[PDB]
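Raw contents of data-v5.cif, mmCIF, C-alpha atoms:
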```cif
data_target
loop_
_atom_site.group_PDB
_atom_site.id
_atom_site.type_symbol
_atom_site.label_atom_id
_atom_site.label_comp_id
_atom_site.auth_asym_id
_atom_site.auth_seq_id
_atom_site.Cartn_x
_atom_site.Cartn_y
_atom_site.Cartn_z
ATOM 1 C CA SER D 399 4.190 -8.379 -12.948
ATOM 2 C CA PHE D 400 1.348 -5.822 -13.265
ATOM 3 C CA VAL D 401 0.090 -2.754 -15.256
ATOM 4 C CA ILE D 402 0.348 0.930 -14.248
ATOM 5 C CA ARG D 403 -0.116 4.381 -15.825
ATOM 6 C CA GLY D 404 3.135 5.526 -17.581
ATOM 7 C CA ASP D 405 3.473 8.436 -15.081
ATOM 8 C CA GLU D 406 3.947 5.764 -12.329
ATOM 9 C CA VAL D 407 6.938 4.026 -14.084
ATOM 10 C CA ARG D 408 8.913 6.680 -12.100
ATOM 11 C CA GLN D 409 7.604 5.222 -8.787
ATOM 12 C CA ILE D 410 8.774 1.564 -9.176
ATOM 13 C CA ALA D 411 12.336 1.741 -7.714
ATOM 14 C CA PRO D 412 14.194 1.230 -4.367
ATOM 15 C CA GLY D 413 13.660 4.303 -2.115
ATOM 16 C CA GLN D 414 10.997 5.919 -4.433
ATOM 17 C CA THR D 415 7.806 7.874 -3.637
ATOM 18 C CA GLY D 416 4.047 8.373 -4.289
ATOM 19 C CA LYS D 417 0.808 6.328 -4.221
ATOM 20 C CA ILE D 418 1.957 3.224 -6.191
ATOM 21 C CA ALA D 419 5.264 2.891 -4.282
ATOM 22 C CA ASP D 420 3.684 3.633 -0.868
ATOM 23 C CA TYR D 421 0.300 1.917 -1.240
ATOM 24 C CA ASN D 422 0.224 -0.671 -4.097
ATOM 25 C CA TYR D 423 3.721 -2.196 -4.678
ATOM 26 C CA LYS D 424 6.848 -1.454 -2.535
ATOM 27 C CA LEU D 425 10.539 -2.245 -3.284
ATOM 28 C CA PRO D 426 13.134 -2.474 -0.431
ATOM 29 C CA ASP D 427 16.031 0.061 -0.229
ATOM 30 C CA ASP D 428 18.544 -2.798 -0.923
ATOM 31 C CA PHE D 429 16.668 -4.464 -3.850
ATOM 32 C CA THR D 430 18.737 -6.876 -6.029
ATOM 33 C CA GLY D 431 17.148 -7.299 -9.444
ATOM 34 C CA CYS D 432 15.955 -5.546 -12.609
ATOM 35 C CA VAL D 433 12.876 -3.412 -13.429
ATOM 36 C CA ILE D 434 11.457 -3.758 -16.961
ATOM 37 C CA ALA D 435 8.471 -1.943 -18.506
ATOM 38 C CA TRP D 436 6.830 -1.238 -21.885
ATOM 39 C CA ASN D 437 4.029 0.905 -23.285
ATOM 40 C CA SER D 438 0.890 -1.245 -23.673
ATOM 41 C CA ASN D 439 -1.655 1.377 -24.914
ATOM 42 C CA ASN D 440 -2.521 -0.762 -27.994
ATOM 43 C CA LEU D 441 -2.984 -3.901 -25.764
ATOM 44 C CA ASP D 442 -4.521 -2.613 -22.510
ATOM 45 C CA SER D 443 -6.438 0.579 -23.473
ATOM 46 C CA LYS D 444 -9.989 0.383 -24.913
ATOM 47 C CA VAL D 445 -12.080 3.015 -26.825
ATOM 48 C CA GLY D 446 -14.391 3.162 -23.821
ATOM 49 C CA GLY D 447 -11.716 3.169 -21.074
ATOM 50 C CA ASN D 448 -10.397 -0.188 -19.787
ATOM 51 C CA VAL O 350 9.841 33.891 -17.193
ATOM 52 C CA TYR O 351 11.571 37.298 -17.810
ATOM 53 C CA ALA O 352 9.688 38.663 -14.752
ATOM 54 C CA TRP O 353 8.575 35.689 -12.604
ATOM 55 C CA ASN O 354 5.982 35.839 -9.805
ATOM 56 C CA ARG O 355 7.165 35.677 -6.137
ATOM 57 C CA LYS O 356 5.554 35.187 -2.673
ATOM 58 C CA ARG O 357 6.995 34.933 0.868
ATOM 59 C CA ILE O 358 4.925 32.346 2.768
ATOM 60 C CA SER O 359 4.907 32.429 6.613
ATOM 61 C CA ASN O 360 2.847 31.352 9.660
ATOM 62 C CA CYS O 361 0.969 28.350 8.172
ATOM 63 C CA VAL O 362 0.391 24.557 8.128
ATOM 64 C CA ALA O 363 2.132 23.315 4.972
ATOM 65 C CA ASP O 364 0.682 19.888 4.091
ATOM 66 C CA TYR O 365 2.718 18.985 0.977
ATOM 67 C CA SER O 366 0.944 15.569 0.756
ATOM 68 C CA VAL O 367 -1.638 17.049 -1.703
ATOM 69 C CA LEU O 368 1.241 17.878 -4.092
ATOM 70 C CA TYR O 369 3.046 14.556 -3.318
ATOM 71 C CA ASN O 370 -0.145 12.577 -4.251
ATOM 72 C CA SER O 371 -0.741 14.826 -7.349
ATOM 73 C CA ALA O 372 2.103 13.009 -9.236
ATOM 74 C CA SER O 373 0.586 14.406 -12.498
ATOM 75 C CA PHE O 374 3.359 17.038 -12.102
ATOM 76 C CA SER O 375 5.839 16.296 -14.944
ATOM 77 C CA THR O 376 8.689 16.849 -12.426
ATOM 78 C CA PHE O 377 8.955 17.543 -8.654
ATOM 79 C CA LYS O 378 12.724 17.645 -7.893
ATOM 80 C CA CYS O 379 14.319 18.696 -4.566
ATOM 81 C CA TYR O 380 17.876 19.763 -3.591
ATOM 82 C CA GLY O 381 19.264 19.405 -0.010
ATOM 83 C CA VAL O 382 15.909 17.863 1.141
ATOM 84 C CA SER O 383 14.209 14.535 0.290
ATOM 85 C CA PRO O 384 10.545 15.432 -0.573
ATOM 86 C CA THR O 385 9.243 12.746 1.867
ATOM 87 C CA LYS O 386 10.549 14.843 4.825
ATOM 88 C CA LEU O 387 8.593 18.065 4.062
ATOM 89 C CA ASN O 388 5.600 17.145 6.328
ATOM 90 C CA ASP O 389 8.023 16.378 9.290
ATOM 91 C CA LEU O 390 10.635 19.138 8.715
ATOM 92 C CA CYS O 391 9.830 22.865 9.179
ATOM 93 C CA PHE O 392 11.058 26.352 8.336
ATOM 94 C CA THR O 393 11.390 30.045 9.319
ATOM 95 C CA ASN O 394 10.261 31.261 5.862
ATOM 96 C CA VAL O 395 9.315 29.734 2.521
ATOM 97 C CA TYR O 396 9.448 31.581 -0.812
ATOM 98 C CA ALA O 397 7.486 30.504 -3.893
ATOM 99 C CA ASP O 398 8.549 31.763 -7.362
#
```

How would this structure read if it were set down as structure tokens?
Amino acid sequence: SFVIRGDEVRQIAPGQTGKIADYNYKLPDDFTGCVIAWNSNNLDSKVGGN
Amino acid sequence: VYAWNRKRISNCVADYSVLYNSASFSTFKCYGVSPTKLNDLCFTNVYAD
């Protein structure tokens, strides 16, 4: 578990691309499991940025 | 979009990694090529519309 920008929800998958997938958290091409995510703007954002 | 812009690109170093890192693009979809390969693959011509 972790937090990302919503634009990066695209990157968390087997065989995917870009700076999160390549450089922060990598899934194998034969992953066996589930990916789950939810918007957390009301929890994790702050009026001065978090 | 009735009369779209066009350019033939030739004779250049095409580092797509700037565009690949700029994932702020709402979509970046490829057909017949995986986008990862574009810095290792190369071409006679490219056309940008």

Exercise. Using only C-alpha atoms, find the residues of chain O whose closest atom to chain D is at most 9 Å away, then write them as a ChimeraX atom specification.
Key: /O:369-373,375,384-385

Exercise. Could you list the residues chosen by the PyMOL selection byres ((chain D and resi 435) around 10) in this structure as a list in words?
Key: residues 399, 400, 401, 402, 404, 407, 410, 433, 434, 436, 437 and 438 of chain D

Keeping only C-alpha atoms, write those residues as a short mmCIF file (atom, residue, chain, number, x, y, z; two decimals), in the coordinates of the input.
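Ended up saving to part_4.cif:
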```cif
data_model
loop_
_atom_site.label_atom_id
_atom_site.label_comp_id
_atom_site.auth_asym_id
_atom_site.auth_seq_id
_atom_site.Cartn_x
_atom_site.Cartn_y
_atom_site.Cartn_z
CA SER D 399 4.19 -8.38 -12.95
CA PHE D 400 1.35 -5.82 -13.26
CA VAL D 401 0.09 -2.75 -15.26
CA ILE D 402 0.35 0.93 -14.25
CA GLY D 404 3.14 5.53 -17.58
CA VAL D 407 6.94 4.03 -14.08
CA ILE D 410 8.77 1.56 -9.18
CA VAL D 433 12.88 -3.41 -13.43
CA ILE D 434 11.46 -3.76 -16.96
CA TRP D 436 6.83 -1.24 -21.88
CA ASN D 437 4.03 0.90 -23.28
CA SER D 438 0.89 -1.25 -23.67
#
```

Practice problem: Name every residue that the PyMOL selection byres ((chain D and resi 412) around 10) selects in this structure, writing the answer as a list in words with chains first and numbers rising. | Solution: residues 409, 410, 411, 413, 414, 415, 419, 424, 425, 426, 427, 428, 429 and 430 of chain D

Practice problem: Report as a ChimeraX atom specification the full result of the PyMOL selection byres ((chain O and resi 395) around 9) when it is applied to this structure. | Solution: /O:356-359,392-394,396-397

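The smallest atom-to-atom distance between residue 389 of chain O and any of O:374, O:366, O:354, O:360, using only C-alpha atoms, is found for O:366.
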
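One distance worth recording is that between atom CA of residue 368 of chain O and atom CA of residue 443 of chain D, which is 27.1 Å.
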
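Pairwise distance (atom CA of residue 422 of chain D, atom CA of residue 380 of chain O) equals 27.0 Å.
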
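You will find atom CA of residue 379 of chain O at 18.5 Å from atom CA of residue 355 of chain O.
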